[PDB]
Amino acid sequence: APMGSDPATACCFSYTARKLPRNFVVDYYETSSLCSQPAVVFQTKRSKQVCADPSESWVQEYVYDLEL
């Protein structure tokens, strides 16, 4: 899951290989450009924080859905 728990500095070294159901995703943040790779981290109803590849369409669609 990300290394660290502060959205300002936590980094992802892998991405989820499963699609998260929209009904279980409740929040997100973007990882810092200081991290080795870009990532969105989604928080879920099971209290997980899940790294995801921002180049995937569904990740972008969920981010807009949460933000706006």
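Residues carry their position along the shown sequence, with the first being 1.
Residue 61: CA B factor lies in the lowest third for its chain, per the PDB record. The PDB entry assigns residue 16 a C-alpha temperature factor belonging to the highest third of its chain's modelled residues. Ranked within its chain, residue 55 lands in the highest third, by CA B factor from the PDB record. Residue 44: CA B factor in the lowest third of modelled residues in this chain (values from the PDB entry). Sort the modelled residues of the chain by CA B factor and residue 37 lands in the highest third.
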